[PDB]
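**Q** My questions will all concern the structure given below.
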Amino acid sequence: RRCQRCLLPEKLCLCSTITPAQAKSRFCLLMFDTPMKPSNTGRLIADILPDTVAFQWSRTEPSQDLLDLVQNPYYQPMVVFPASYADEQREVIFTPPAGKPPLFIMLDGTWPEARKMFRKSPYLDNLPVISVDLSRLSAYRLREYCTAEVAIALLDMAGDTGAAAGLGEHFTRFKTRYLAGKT
Amino acid sequence: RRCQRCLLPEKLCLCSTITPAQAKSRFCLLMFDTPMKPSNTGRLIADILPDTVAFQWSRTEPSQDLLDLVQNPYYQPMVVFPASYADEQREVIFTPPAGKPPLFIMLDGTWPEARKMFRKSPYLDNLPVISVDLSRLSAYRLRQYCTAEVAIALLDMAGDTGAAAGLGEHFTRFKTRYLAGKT
Ligand SMILES: Nc1ncnc2c1ncn2[C@@H]1O[C@H](C[C@@H](N)CC[C@H](N)C(=O)O)[C@@H](O)[C@H]1O
Ligand SMILES: Nc1ncnc2c1ncn2[C@@H]1O[C@H](C[C@@H](N)CC[C@H](N)C(=O)O)[C@@H](O)[C@H]1O
Ligand SMILES: [Zn+2]
Ligand SMILES: [Zn+2]
């Protein structure tokens, strides 16, 4: 009864609407649970930006491919999480750094899952935390938050406004259809 | 706060999505009530086919512009109503006639309002009733029935598949947003 790709009821399937975009930014999804939950919105990022990398998160045996990706000096990697959680010695930044393309590492799940991922992933500890400027959502007619909404604001912070606008529109489509599914 | 044109919550406003189409068929809406109610779907026809004529229905004082339109020999006028309610001497048909462009007269309101309009409008009595083949909605991945849904079937019956597809997509957008605004 539910689409296996877009996770909405079948009469509400949005797959035909999806128009991927392009961006200088790149996302990496560390997923606490890979089945796939409609309430987890990190997957919407991958619909709009299909170069999004996604992993199942592990407490003790992180993937070598994940380690390779976050250690690739081609990118500037950063952990996406509210600044108040970062240690006093943790580097916190407020814009993507200039030059190398950013790799936005999202902790995709619930808060206690996100928080657990933030604290028990030592391969992320030497990375800067970016504090997202959520007020930028106003320029996309979204409430100035879902993991997909955080990503929209990040894309806008990086000047990837085409992908921000495409993800906003895709997010609103999913959220509207989801609510309707509950009706 | 609701949009005054598309009658949805302001955050769910659909006006920007509307792309009118073109059709050989033409519609005429006799609306019981012209505030407008969100759940009256005759107005969705006008969004897709802006040459749709619309009048306020009156029992005793029909507009002369309405009388003039239905007496225009340029069109083949017909009243859109379930065939079971026609009189035995009423000409019932099952396809739009061939040759002159069809003028589909919709009774836009609720069922008791439509049935009242059907019975108390002497200017429509010498007109044929077209019985709508609603199984055609299957071709548009749709399935009582909204006035806008009946119009999609009529458009398809007349070969106006582009307008029928555009009205289907529009009706589903309205219906999905209306359900979500209800959530
Ligand atoms: N200020 C913020 N900075 C960074 N990420 C944020 C912020 N506020 C919310 N988030 C995101 O929201 C997640 C936690 C929950 N809100 C997730 C809700 C829901 N499961 C979703 O996927 O949208 C975090 O792991 C981040 O992805
Ligand atoms: N079998 C049918 N043949 C012709 N018109 C129909 C048929 N079934 C429904 N309709 C039309 O669709 C309306 C259905 C009503 N329930 C109105 C629902 C709602 N108020 C709307 O405006 O969409 C009728 O009043 C007619 O205008
Ligand atoms: Zn789907
Ligand atoms: Zn509107």
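Please note that chains go A, B, ... in the order of the structure tokens, that every chain numbers its residues from 1, and that ligands are numbered from 1 in the order shown.
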Select from region 7-160 of chain A everything DSSP, run on the backbone, classes as alpha helix (DSSP H), then give the selection as a ChimeraX atom specification.
**A** /A:42-48,64-70,111-119,147-157
**Q** Which residues, written as a PyMOL selection string, have at least one atom at most 6 Å from region 41-49 of chain A, with only C-alpha atoms counted and residues fewer than 4 positions away on the same chain left out?
**A** chain A and resi 20-21+108+147-148+167
**Q** Would you mind exporting C-alpha atoms of the selected residues as a PDB file, in the first residue's frame?
**A**
```
ATOM      1  CA  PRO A  20      17.436  15.959  -9.056  1.00  0.00           C
ATOM      2  CA  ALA A  21      19.636  19.001  -8.897  1.00  0.00           C
ATOM      3  CA  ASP A 108      20.158  11.042  10.493  1.00  0.00           C
ATOM      4  CA  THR A 147      17.176  16.850   8.804  1.00  0.00           C
ATOM      5  CA  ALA A 148      16.090  17.785   5.272  1.00  0.00           C
ATOM      6  CA  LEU A 167      15.050  20.257  -1.892  1.00  0.00           C
TER       7      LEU A 167
END
```
**Q** Name the residues in contact with region 118-129 of chain B at a cut-off of 12 Å, using only C-alpha atoms, excluding same-chain residues fewer than 3 positions from it; report them as a ChimeraX atom specification.
**A** /B:30-32,57-64,66-71,75-97,102-115,132
**Q** Using only C-alpha atoms, I'd like every residue of chain B that has an atom within 6 Å of chain A; please write them out as a ChimeraX atom specification.
**A** /B:176,179-180
**Q** Can you tell me, as a PDB file with N, CA, C and O atoms, in the first residue's frame, what residues are no more than 10 Å from residue 2 (chain A) when counting only C-alpha atoms, ignoring any on the same chain fewer than 3 positions away?
**A**
```pdb
ATOM      1  N   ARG A   5       9.798   3.240  -2.668  1.00  0.00           N
ATOM      2  CA  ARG A   5      10.815   4.254  -2.924  1.00  0.00           C
ATOM      3  C   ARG A   5      10.570   5.516  -2.107  1.00  0.00           C
ATOM      4  O   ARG A   5      11.482   6.001  -1.433  1.00  0.00           O
ATOM      5  N   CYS A   6       9.356   6.065  -2.146  1.00  0.00           N
ATOM      6  CA  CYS A   6       9.091   7.339  -1.491  1.00  0.00           C
ATOM      7  C   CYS A   6       8.344   7.197  -0.168  1.00  0.00           C
ATOM      8  O   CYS A   6       8.147   8.202   0.525  1.00  0.00           O
ATOM      9  N   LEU A   7       7.943   5.981   0.211  1.00  0.00           N
ATOM     10  CA  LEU A   7       7.413   5.644   1.534  1.00  0.00           C
ATOM     11  C   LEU A   7       6.055   6.265   1.843  1.00  0.00           C
ATOM     12  O   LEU A   7       5.619   6.223   2.996  1.00  0.00           O
ATOM     13  N   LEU A   8       5.390   6.854   0.872  1.00  0.00           N
ATOM     14  CA  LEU A   8       4.041   7.376   1.026  1.00  0.00           C
ATOM     15  C   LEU A   8       3.033   6.346   0.544  1.00  0.00           C
ATOM     16  O   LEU A   8       3.387   5.436  -0.208  1.00  0.00           O
ATOM     17  N   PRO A   9       1.763   6.454   0.955  1.00  0.00           N
ATOM     18  CA  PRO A   9       0.719   5.605   0.359  1.00  0.00           C
ATOM     19  C   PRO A   9       0.787   5.656  -1.164  1.00  0.00           C
ATOM     20  O   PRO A   9       1.237   6.643  -1.750  1.00  0.00           O
ATOM     21  N   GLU A  10       0.347   4.570  -1.813  1.00  0.00           N
ATOM     22  CA  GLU A  10       0.615   4.406  -3.243  1.00  0.00           C
ATOM     23  C   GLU A  10      -0.116   5.448  -4.086  1.00  0.00           C
ATOM     24  O   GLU A  10       0.410   5.918  -5.107  1.00  0.00           O
ATOM     25  N   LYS A  11      -1.337   5.812  -3.699  1.00  0.00           N
ATOM     26  CA  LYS A  11      -2.014   6.865  -4.443  1.00  0.00           C
ATOM     27  C   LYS A  11      -1.337   8.222  -4.267  1.00  0.00           C
ATOM     28  O   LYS A  11      -1.614   9.133  -5.051  1.00  0.00           O
ATOM     29  N   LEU A  12      -0.446   8.367  -3.282  1.00  0.00           N
ATOM     30  CA  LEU A  12       0.268   9.618  -3.041  1.00  0.00           C
ATOM     31  C   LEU A  12       1.725   9.568  -3.490  1.00  0.00           C
ATOM     32  O   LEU A  12       2.493  10.482  -3.161  1.00  0.00           O
ATOM     33  N   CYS A  13       2.114   8.534  -4.236  1.00  0.00           N
ATOM     34  CA  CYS A  13       3.500   8.354  -4.660  1.00  0.00           C
ATOM     35  C   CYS A  13       4.014   9.581  -5.406  1.00  0.00           C
ATOM     36  O   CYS A  13       3.369  10.081  -6.333  1.00  0.00           O
ATOM     37  N   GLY A 181      -1.711  11.642   3.857  1.00  0.00           N
ATOM     38  CA  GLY A 181      -1.798  10.219   4.146  1.00  0.00           C
ATOM     39  C   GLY A 181      -2.400   9.942   5.511  1.00  0.00           C
ATOM     40  O   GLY A 181      -3.166   8.994   5.684  1.00  0.00           O
TER      41      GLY A 181
END
```
**Q** Find the spatial neighbours of residue 153 (chain B), counting only C-alpha atoms, within a cut-off of 9 Å - ignore same-chain residues fewer than 5 positions away - and output them as a VMD selection string.
**A** chain B and resid 132 to 137 148 158 164
**Q** So which one's closest to residue 5 (chain B), B:159, B:168, B:20, B:35? Using only C-alpha atoms, please.
**A**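 Residue with the minimum atom-to-atom distance to residue 5 (chain B): B:35.
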**Q** Can you list every residue in region 90-166 of chain A that DSSP puts in strand (DSSP E), as a PyMOL selection string?
**A** chain A and resi 92-93+102-108+129-130
**Q** If the limit is 6 Å from any atom of ligand 1, counting only C-alpha atoms and all ligand atoms, which residues qualify? Return them as a list in words.
**A**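 If we count only C-alpha atoms and all ligand atoms, the neighbours of ligand 1 turn out to be residues 39, 40, 41, 42, 80, 81, 82, 106, 107, 108, 109, 110, 111, 114, 131, 132, 145, 146, 147, 148 and 150 of chain A.
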**Q** Using only C-alpha atoms, pick whichever of A:55, A:116, A:138, A:50 has the shortest atom-to-atom distance to residue 34 (chain A).
**A** A:55
**Q** Taking only C-alpha atoms and all ligand atoms into account, produce a table as CSV in which each residue of chain B with an atom at most 6 Å from an atom of ligand 4 appears once, together with its shortest atom pair and the distance in Å to one decimal, ordered by chain and rising number.
**A**
```
residue,atom,partner,partner_atom_place_in_ligand_line,distance
B:3,CA,ligand 4,1 (Zn),4.7
B:5,CA,ligand 4,1 (Zn),5.2
B:6,CA,ligand 4,1 (Zn),4.1
B:13,CA,ligand 4,1 (Zn),3.9
B:14,CA,ligand 4,1 (Zn),4.8
B:15,CA,ligand 4,1 (Zn),4.2
```
**Q** Would you export the selected residues with N, CA, C and O atoms as a compact mmCIF listing (two decimals), in the first residue's frame, please?
**A**
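Output contents, as saved in result_25.txt:
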```txt
# COMPACT_ATOMS: atom_id res chain seq x y z
N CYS B 3 -5.99 31.36 1.47
CA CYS B 3 -5.89 32.04 0.18
C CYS B 3 -7.29 32.29 -0.37
O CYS B 3 -8.13 31.39 -0.36
N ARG B 5 -8.11 32.99 -3.48
CA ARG B 5 -8.30 32.43 -4.81
C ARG B 5 -8.39 30.90 -4.79
O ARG B 5 -9.31 30.33 -5.39
N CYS B 6 -7.47 30.22 -4.12
CA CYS B 6 -7.45 28.76 -4.15
C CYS B 6 -8.01 28.14 -2.88
O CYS B 6 -8.08 26.90 -2.79
N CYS B 13 -1.02 27.21 -0.32
CA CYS B 13 -1.52 27.88 -1.51
C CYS B 13 -0.93 27.29 -2.79
O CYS B 13 0.29 27.15 -2.93
N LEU B 14 -1.80 26.95 -3.74
CA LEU B 14 -1.39 26.25 -4.95
C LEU B 14 -1.33 27.15 -6.18
O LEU B 14 -1.04 26.65 -7.27
N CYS B 15 -1.62 28.45 -6.04
CA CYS B 15 -1.85 29.27 -7.22
C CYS B 15 -0.67 29.22 -8.18
O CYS B 15 -0.86 29.10 -9.40
```
**Q** Write out as an mmCIF file with C-alpha atoms, in the first residue's frame each polymer residue whose atoms come within 10 Å of residue 139 (chain A), counting only C-alpha atoms; drop sequence neighbours fewer than 4 positions from it.
**A**
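This went into result.cif:
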```cif
data_model
loop_
_atom_site.group_PDB
_atom_site.id
_atom_site.type_symbol
_atom_site.label_atom_id
_atom_site.label_comp_id
_atom_site.auth_asym_id
_atom_site.auth_seq_id
_atom_site.Cartn_x
_atom_site.Cartn_y
_atom_site.Cartn_z
ATOM 1 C CA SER A 135 16.956 31.717 9.560
ATOM 2 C CA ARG A 143 9.463 28.094 8.880
ATOM 3 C CA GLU A 144 12.659 29.924 9.893
ATOM 4 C CA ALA A 153 19.775 25.832 4.990
ATOM 5 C CA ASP A 156 21.891 28.028 0.963
ATOM 6 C CA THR A 161 20.507 27.925 -4.016
ATOM 7 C CA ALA A 165 15.138 25.435 -3.678
#
```
**Q** Of the candidates A:93, A:66, A:105, A:14, which one gets nearest to residue 28 (chain A) if we count only C-alpha atoms?
**A**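 That would be A:105, the residue with the smallest distance to residue 28 (chain A).
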**Q** Just give me the gap between atom 22 (O, counted along the ligand's line) of ligand 2 and CA of residue 21 (chain B) in Å, one decimal is fine.
**A**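 Answer for the atom 22 (O, counted along the ligand's line) of ligand 2 to CA of residue 21 (chain B) separation: 20.6 Å.
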